[PDB]
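J.: Below is one structure. I have some questions about it.
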Amino acid sequence: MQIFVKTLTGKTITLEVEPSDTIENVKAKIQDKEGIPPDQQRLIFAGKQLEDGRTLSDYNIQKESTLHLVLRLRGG
């Protein structure tokens with residue numbers, strides 16, 4: 001399924017993922033497509049920061065869900 005990942009500086013990168021995929025694997029795909037290292041990735045879905053160990057299904061992330069990417073560099 002397709003999901004969307006928007007960053008602060010625009011950049012809306014589409015990912016082809018499975019509901020059972022891990023946050024680690026998603027970050028890895030982002031690193032494969034964009035060049036942003038996983039350790040510098042903070043993902044937010046539905047107002048909650050995603051953590052290692054979960055699946056996309058653990059956050060009820062469905063088809064064409066929109067995630068938001070923020071580097072740990074730019075604080076919040």
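Residue numbering restarts at 1 for every chain of the structure tokens, chains are lettered A, B, ... in their displayed order, and ligands are numbered from 1 as they appear.
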Select from chain A everything DSSP, run on the backbone, classes as strand (DSSP E or B), then give the selection as a PyMOL selection string.

T.: chain A and resi 2-7+10-16+22+41-45+48-49+55+66-71

J.: Which residues, written as a count of residues only, have at least one atom at most 9 Å from residue 7 (chain A), with only C-alpha atoms counted and residues fewer than 6 positions away on the same chain left out?

T.: 6

J.: Which neighbours of residue 54 (chain A) fall inside 12 Å, counting only C-alpha atoms, when residues of the same chain fewer than 5 positions from it are skipped, and could you give them as a PyMOL selection string?

T.: chain A and resi 19-26+49+59-61

J.: Suppose we keep C-alpha atoms; can you now write the selection as a tab-separated table (two decimals), in the first residue's frame?

T.:
```tsv
chain	number	residue	atom	x	y	z
A	19	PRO	CA	0.66	-2.90	7.27
A	20	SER	CA	2.97	-5.35	9.06
A	21	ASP	CA	6.13	-3.38	8.24
A	22	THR	CA	8.12	-2.02	11.18
A	23	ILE	CA	8.94	1.62	11.92
A	24	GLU	CA	12.59	0.62	11.48
A	25	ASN	CA	11.90	-0.74	7.99
A	26	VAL	CA	9.88	2.35	7.06
A	49	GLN	CA	5.66	10.11	17.58
A	59	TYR	CA	-0.73	2.92	14.78
A	60	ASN	CA	-3.78	2.16	12.63
A	61	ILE	CA	-1.86	3.49	9.63
```

J.: Just the number, please: distance in Å from CA of residue 66 (chain A) to CA of residue 5 (chain A), one decimal.

T.: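 Going from CA of residue 66 (chain A) over to CA of residue 5 (chain A), I get 5.8 Å.
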
J.: DSSP on the backbone: which residues in chain A end up as alpha helix (DSSP H)? Give the answer as a PyMOL selection string.

T.: chain A and resi 23-33

J.: Could you state the separation of CA of residue 72 (chain A) and CA of residue 58 (chain A) in Å, given to one decimal place?

T.: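 Calculated distance between CA of residue 72 (chain A) and CA of residue 58 (chain A) is 22.7 Å.
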
J.: Rank A:18, A:51, A:34, A:64 by their smallest atom-to-atom distance to residue 2 (chain A), using only C-alpha atoms, and report the top residue only.

T.: A:64

J.: Calculated over only C-alpha atoms, which of the candidates A:50, A:36, A:43, A:56 has the smallest distance to residue 17 (chain A)?

T.: A:56

J.: For residue 65 (chain A), find every residue with an atom within 7 Å (counting only C-alpha atoms), except residues of its own chain fewer than 3 positions away, and show them as an mmCIF file with C-alpha atoms, in the first residue's frame.

T.:
```
data_model
loop_
_atom_site.group_PDB
_atom_site.id
_atom_site.type_symbol
_atom_site.label_atom_id
_atom_site.label_comp_id
_atom_site.auth_asym_id
_atom_site.auth_seq_id
_atom_site.Cartn_x
_atom_site.Cartn_y
_atom_site.Cartn_z
ATOM 1 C CA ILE A 3 1.599 6.026 2.381
ATOM 2 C CA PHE A 4 2.777 9.632 2.389
ATOM 3 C CA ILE A 61 -1.863 3.493 9.625
ATOM 4 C CA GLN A 62 -4.025 2.644 6.613
#
```

J.: From the options A:63, A:10, A:15, A:75, which residue's atoms come nearest to residue 31 (chain A), counting only C-alpha atoms?

T.: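 Under the stated criterion, the closest residue is A:15.
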
J.: Can you work out the spacing between CA of residue 33 (chain A) and CA of residue 8 (chain A) in Å, to one decimal?

T.: 16.9 Å

J.: I need the residue nearest residue 74 (chain A) from this list: A:42, A:12, A:29, A:37. Use only C-alpha atoms for the distance.

T.: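 Distance minimum relative to residue 74 (chain A) lands on A:42.
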
J.: Let me make sure I understand: among A:46, A:52, A:6, A:76, which one has the smallest atom-to-atom distance to residue 28 (chain A) if we use only C-alpha atoms?

T.: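 Using only C-alpha atoms, residue 28 (chain A) sits closest to A:52.
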